[PDB]
Amino acid sequence: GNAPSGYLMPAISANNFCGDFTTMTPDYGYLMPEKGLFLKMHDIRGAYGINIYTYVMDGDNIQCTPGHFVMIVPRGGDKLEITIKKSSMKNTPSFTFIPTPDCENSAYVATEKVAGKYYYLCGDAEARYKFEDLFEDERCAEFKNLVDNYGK
Ligand SMILES: [Ca+2]
Ligand SMILES: [Ca+2]
């Protein structure tokens, strides 16, 4: 009913690509219908930057509005630094994700470019596993609690 879903998020210059999406370096997405949140994660040398968007549906389209940004930075001795910032509406992109009816290898594509490219949402189990492992990591309570308590 409200099970969350994970996505790989390659960025491609064309908005109508259908082929092998794994030739591109992906970000990761996580849709949480139980909370009305969409998370987008970017990896920089093992540190994670996660945007928490709020979303609503517009028919089949997922409309995503910036919320907060969580940074998770590994440090010596298996420590993590977790920090949270409010995202700016002016400086963090919004997304509208629309279906890809003609491509079975993607679930959605963005309506607008970011840095010249379209992000796709490609359904993916491993992306889901990555988020769910991070939520439940004993060191990540600050992140889990932000998400669990969000808007509430
Ligand atoms: Ca599709
Ligand atoms: Ca097939």
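No hydrogens, no waters, no symmetry mates; every other heavy atom, side chains included, goes into these values. Order of listing sets the numbers, starting from 1, for every ligand and every atom in it. In what follows, residues are counted from 1 in the order of the sequence shown.
Taking 3.0 Å as the criterion, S106 counts as a coordinating residue of the Ca ion (ligand 1), since one of its N, O or S atoms falls below it. The Ca ion (ligand 1) lies at 3.0 Å or more from every N, O or S atom belonging to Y108.
Residue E104 approaches the Ca ion (ligand 2) most closely through its N/O/S atom OE2.
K130 forms no cation-pi arrangement with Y48, by the criterion of a distance under 6.0 Å to the ring centre and an angle within 45° of the ring axis.
Seen from the Ca ion (ligand 1), atom O of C103 and atom O of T100 lie 90° apart in angle, a value rounded to 10°.
With a 6.0 Å radius and a threshold of 12 heavy atoms from other residues, nucleotides or ligands, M71 has its CE atom at or below the threshold. Shown here is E132, whose CD atom has more than 12 heavy atoms of other residues, nucleotides or ligands within 6.0 Å.
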Go through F135 and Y30 one step at a time and tell me if the ring-ring contact (aromatic ring centres under 6.0 Å, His included) criterion holds. CA-CA 12 Å; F135 296 146; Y30 194 69; 5.2 Å; yes
